[PDB]
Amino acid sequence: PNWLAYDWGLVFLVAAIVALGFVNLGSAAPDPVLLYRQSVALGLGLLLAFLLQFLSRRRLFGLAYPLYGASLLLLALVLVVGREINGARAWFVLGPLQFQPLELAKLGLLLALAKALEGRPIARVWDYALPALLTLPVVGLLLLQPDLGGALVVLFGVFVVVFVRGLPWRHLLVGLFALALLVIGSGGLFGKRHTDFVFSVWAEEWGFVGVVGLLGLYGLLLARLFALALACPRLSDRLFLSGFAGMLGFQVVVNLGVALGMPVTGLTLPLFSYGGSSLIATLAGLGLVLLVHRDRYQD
């Protein structure tokens, strides 16, 4: 953490998408008190992503299995002592504190699957079972809320990890598509409510150049993630980085089809749409990915 050998390009990409999100929220249905909550979320997010830099990658992958278990027990616990919002209890609300176990599940499952899938030889049966028995508790506890947007993100991440690894992945796509079935000019206005109340306003006030630029920022972000992914000697790191990039790109392309018209899910546009927990969790995951990239040439 003392040396700062990071990929600063990815840092600039995250910062650029975040600054666009903030300058849009200030015109996309603004409110004096609704911009403060997300500003405090950004502060918390940067702070948490910095705190996680005092963590070696050895320790991070040592926590691969405990974090997975804790996300499983927290997914189970949110079903009992959660708060209903849109018909599903998926949030822990302790006054000003809002923590959804879906994010912890995503990171824990990515770490657990990456670590358990770096031994090249496996028995001819566990190529199906190991990702199955590690993903099914998470997806099942995500459907008991019910929240299938996070279930889709999780399952598609697992698909990406398995596919990049070199294991049976067709059954995962079958499960993914089956679960997914039960669901103003070139210039714009320039600043002149549903979940998409941050993106439906941006797409109209900034038009084709705005959407093209934002999708370009997301394309460059996914490109830099997959470039950092194949730039890691360890296989577990390759898997972890690629799973993260998959989940992120998948939320983005889910919001695309939502805007086209899908049904809608609770999945926000990462770093861009309104939501303090999603911002904080995306920043924390990006901090993890940044620290595993900085420790890529170490033991």
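When you see a residue number, it is the position in the sequence shown, counting from 1.
Quick one: classify how much of the deposited chain lacks coordinates between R124 and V125, choosing none, 1 to 3, 4 to 9, or 10 or more.
Gap between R124 and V125: none, chain continuous.
Pick one of none, 1 to 3, 4 to 9 or 10 or more for the number of deposited-sequence residues not modelled between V183 and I184.
10 or more residues are missing.
Report the stretch with the higher mean CA temperature factor, choosing between 91 to 99 and 215 to 223 on the basis of the entry.
Looking at the record's C-alpha B-factors, the answer is 91 to 99.
Stretch with the greater mean C-alpha B-factor as recorded in the entry, comparing 134 to 142 against 197 to 205
Stretch with the greater average CA B-factor: 197 to 205.
Please pick out which of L52, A64, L46, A259 has the largest Cα B-factor as recorded in the entry.
Highest C-alpha B-factor among the listed options: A259.
Choose from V154, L74, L189, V161 the residue with the greatest Cα B-factor as stated in the PDB record.
Largest recorded C-alpha B-factor: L189.
Once the chain's modelled residues are ordered by C-alpha B factor and cut into thirds, is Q251 in the lowest, middle or highest one?
According to the entry, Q251 has a C-alpha B-factor in the chain's lowest third.
Which third, lowest, middle or highest, does the CA B-factor of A70 fall in along this chain?
Its C-alpha B-factor belongs to the lowest third of this chain's values.
When the modelled residues of the chain are sorted by Cα temperature factor, does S242 land in the lowest, middle or highest third?
Its C-alpha B-factor belongs to the lowest third of this chain's values.
State the tercile, meaning the lowest, middle or highest third, of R165 with respect to the CA B-factors recorded for its chain.
It falls in the middle third of the chain.
For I85, the third of its chain into which the C-alpha B factor falls
Highest third of the chain for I85's C-alpha B-factor.
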